[PDB]
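In: PDB entry and its sequence, pasted below:
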Number of protein chains: 4
Amino acid sequence: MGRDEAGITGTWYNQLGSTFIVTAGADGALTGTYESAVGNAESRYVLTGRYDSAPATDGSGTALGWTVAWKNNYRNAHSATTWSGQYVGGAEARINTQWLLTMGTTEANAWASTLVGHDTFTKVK
Amino acid sequence: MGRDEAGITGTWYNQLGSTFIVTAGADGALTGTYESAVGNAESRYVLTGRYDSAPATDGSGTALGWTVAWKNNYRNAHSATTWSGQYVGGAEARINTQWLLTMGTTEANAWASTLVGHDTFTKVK
Amino acid sequence: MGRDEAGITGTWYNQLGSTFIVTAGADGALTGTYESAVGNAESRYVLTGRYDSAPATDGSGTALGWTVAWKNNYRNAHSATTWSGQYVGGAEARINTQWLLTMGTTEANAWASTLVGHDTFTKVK
Amino acid sequence: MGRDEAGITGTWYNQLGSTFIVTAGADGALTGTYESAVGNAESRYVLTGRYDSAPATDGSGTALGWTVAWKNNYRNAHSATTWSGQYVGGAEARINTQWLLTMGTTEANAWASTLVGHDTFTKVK
């Protein structure tokens, strides 16, 4: 019932080898789990987000985003990442994203609190 | 039961005059609504996110993030913003954030798909 | 001879207490020195950049940017920051910027190579 | 005389088909020209920047950055982009960057003034 509800739901892999498992709801919800292949992270972490459930019909991608806070039963990196991007459907479907990773810091170090990057997710590898 | 569950839950206002109403769950969940004072937006939009429910005890802020997809019953801007930041408690409590706003685009225009900025939220104004 | 050649040339201070001394050329050049109040930095570092020497006449700001590589005779942080922003003239003139700070890394750590932030520069403090 | 003075000097091409011609100075200077394959741009634009002329010797990349203001004799987009990244040498040498593109805006629209992205440059294509 979302246009890309079906295209988005499932398992995605990025260039780092991380795994994003997501379910897209009819209404715009994203829920799932994230496992990072890098960094101070082990096992799965909860994720939540949103997507545009009625995208433009002119060949544009589907805007979406989601957040992981890097606390689970195993580790707590006192950090959260948000990914902002778009889903592009078709035989080589992709989710192209940029992300912001904020670490909790003291006020003195807050200038250095946020990393930025980019991840591309595919349905294989 | 989250350390800052109580400090985060409520109504926050940014420098633009936008309003963020959020509830923080014991486990790390953020749910609420967002109303932008600017842009191609009207009324409230759903938001979801995550926060670190066991932050460092050394005066560091609390990492968190959340997403709004800019579709509601009134408008659809075919866009999503994610905010990444930290909550800082005390008499002048703040949520200091950076954000990424992705518009759905064609592949040809994808280079120009993402705006970046920064918002600071307070409990007054 | 640049519209804001005169408004930009001089000494500017950001929210951190850093000092940016710049000369703007008629043709679009920015040259000067930068002294960071924070981080792995001591004394002055060379900076170079560019500005729009014929901005729009409708009350818009003046786009500009510049780079510092964090090597001088005292220290080498194996890093470079670029600021992208706009100059806004008038009784409270400002340069509002966002910045990207890249550290040289191994390929394995390149995902974590770039910090992002924002600085606002004024003619006082 | 810079460690990567020779590796950086020359002609580079990004994923968009843009062309970056640069000379690296012994002391850390970058000078050259940029031609964008996309956007409101025609022909070459001046660029200036900086690089770390004494990078770490442990296989880390070489931090660098540069700026283009999008005014030349043909067009003026009232914008500037800064790229922040690192040079990685070897048989497949690359410059991996993130960038910030600021448009001059009114104060009311300044929230929407800055695009963010990422470009990867190679010596072929």
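Out: Structure received. Numbering: from 1, shown residues only, chains lettered A, B, ... in the order given.

In: flag every residue of chain A that's near chain D.
Out: Contact residues, chain A versus chain D (CB under 8 Å from any CB of the partner chain): A:98, A:116, A:117, A:118. Using the backbone N, CA and C atoms, a C-beta is placed for each residue, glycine as well.

In: just checking, which of those belong to strands?
Out: A:98, A:116, A:117, A:118 (DSSP state E).

In: my guess is the second one contacts residue C:100. True?
Out: Yes - using CB atoms under 8 Å as the test, residue A:116 is close enough to residue C:100 to be in contact (7.0 Å).

In: and residue A:92, how many neighbours?
Out: 9 (other CB atoms under 10 Å in any protein chain shown).

In: chain neighbours aside, what residue packs nearest to it?
Out: Closest residue in space to residue A:92, ignoring its immediate chain neighbours: residue A:122 at 7.4 Å, by CB to CB, 6 or more residues apart in numbering or on different chains.

In: and residue A:85, by the same measure?
Out: Closest residue in space to residue A:85, ignoring its immediate chain neighbours: residue A:97 at 3.3 Å, by CB to CB, 6+ apart.

In: enumerate every residue touching the one you found.
Out: Residue A:97 makes contact with A:83, A:84, A:85, A:118, A:119, A:120, A:121, B:102 under the criterion CB atoms under 8 Å, 6 or more residues apart in numbering or on different chains.

In: which residues are in contact with the fifth one?
Out: Spelled out, it's residue A:119. With CB under 8 Å, 6+ apart, residue A:119 has these contacts: A:14, A:15, A:16, A:18, A:83, A:97, A:99.

In: go again with 10 Å.
Out: Contacts for residue A:119 (CB atoms under 10 Å, 6 or more residues apart in numbering or on different chains) come out as A:12, A:14-16, A:18, A:20, A:81, A:83, A:85, A:95-99, C:111.

In: just give me the closest of the residues you listed to residue B:27.
Out: Using CB to CB, residue A:81 comes nearest to residue B:27 of those, at 18.0 Å.

In: where do the helices sit along chain A?
Out: A:5-8 (DSSP state H).

In: any idea how far the residue of it most remote from its centre lies from residue C:100?
Out: Distance from the C-alpha centroid of chain A peaks at residue A:108, with 29.3 Å (CA atoms, centre = their mean). As judged by CB to CB, to the nearest Å, residue A:108 and residue C:100 stand 21 Å apart.

In: next: residue A:109.
Out: 18 Å.

In: and those two? which has more neighbours close in?
Out: residue C:100 (26 against 14).

In: just give the number of residues close to the residue in chain A positioned nearest to chain C.
Out: Per CB to the nearest CB, residue A:116 is where chain A lies closest to chain C, at 4.1 Å. Close neighbours of residue A:116, defined as other CB under 10 Å, add up to 25.

In: for chain A, what spans make up the strands?
Out: Using DSSP E, strands in chain A cover A:10-14, A:19-24, A:29-35, A:45-51, A:62-71, A:76-88, A:94-103, A:114-122.

In: looking at those, which is buried most?
Out: Highest mean neighbour count among these (mean count of other CB atoms under 10 Å in any protein chain shown): strand A:62-71, with a mean of 29.

In: is it anywhere near chain C?
Out: No - applying CB under 10 Å from any CB of the partner chain, one finds strand A:62-71 separated from chain C by no less than 13.1 Å.

In: just checking: what are the partner strands of that strand?
Out: Here strand A:62-71 has these sheet partners by DSSP bridges: strand A:45-51 (antiparallel), strand A:76-88 (antiparallel).

In: and the last one, how far out from the chain middle?
Out: Okay, so that is strand A:76-88. Offset of strand A:76-88 from its chain centre (CA atoms, centre = their mean, to the nearest Å): 5 Å.

In: before we move on, what about the first one?
Out: Taking CA atoms, centre = their mean, the mean C-alpha location of strand A:45-51 is offset from the chain mean by 7 Å.

In: for residue B:51, find the nearest of the strands paired with strand A:62-71.
Out: Between residue B:51 and the strands paired with strand A:62-71, the tightest spacing by CB to CB is seen for strand A:76-88, at 6.9 Å.

In: now the angle from that closest one to strand B:114-122?
Out: 140 degrees (axes from the mean of the first three to the mean of the last three CA atoms, to 10 degrees).

In: mind saving the C-alpha coords of strand A:76-88 as PDB?
Out: Extracted C-alpha coordinates of strand A:76-88, given in PDB (Å, rounded to 0.1, in the frame of the first residue of the first chain):
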ATOM      1  CA  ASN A  76      27.100   1.400  24.300                       C
ATOM      2  CA  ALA A  77      29.100   3.800  22.100                       C
ATOM      3  CA  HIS A  78      27.200   6.800  23.400                       C
ATOM      4  CA  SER A  79      26.400   7.800  19.800                       C
ATOM      5  CA  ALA A  80      23.700   7.900  17.300                       C
ATOM      6  CA  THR A  81      23.700   7.900  13.500                       C
ATOM      7  CA  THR A  82      21.000   9.200  11.200                       C
ATOM      8  CA  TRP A  83      20.900   8.300   7.500                       C
ATOM      9  CA  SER A  84      19.100  10.600   5.000                       C
ATOM     10  CA  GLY A  85      18.600   9.400   1.400                       C
ATOM     11  CA  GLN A  86      16.500   8.000  -1.300                       C
ATOM     12  CA  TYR A  87      15.500   4.600  -2.500                       C
ATOM     13  CA  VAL A  88      15.800   4.000  -6.300                       C
END
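
In: spell out which parts of chain A neighbour chain C.
Out: For chain A, the residues in contact with chain C (CB under 10 Å from any CB) are A:14-16, A:18, A:36-39, A:99-102, A:108-119.

In: close enough to count as contact, residue A:53 and residue A:6?
Out: No - the criterion here is CB atoms under 10 Å, and residue A:53 misses it with residue A:6 at 11.6 Å.

In: who has more neighbours out of these two?
Out: Each of residue A:53 and residue A:6 has its neighbours counted (other CB under 10 Å); residue A:53 has more, 22 against 11.

In: now the more buried one, nearest residue through space, not along the chain?
Out: residue A:2 is the one closest to residue A:53 (CB to CB, 6+ apart), at 3.6 Å.
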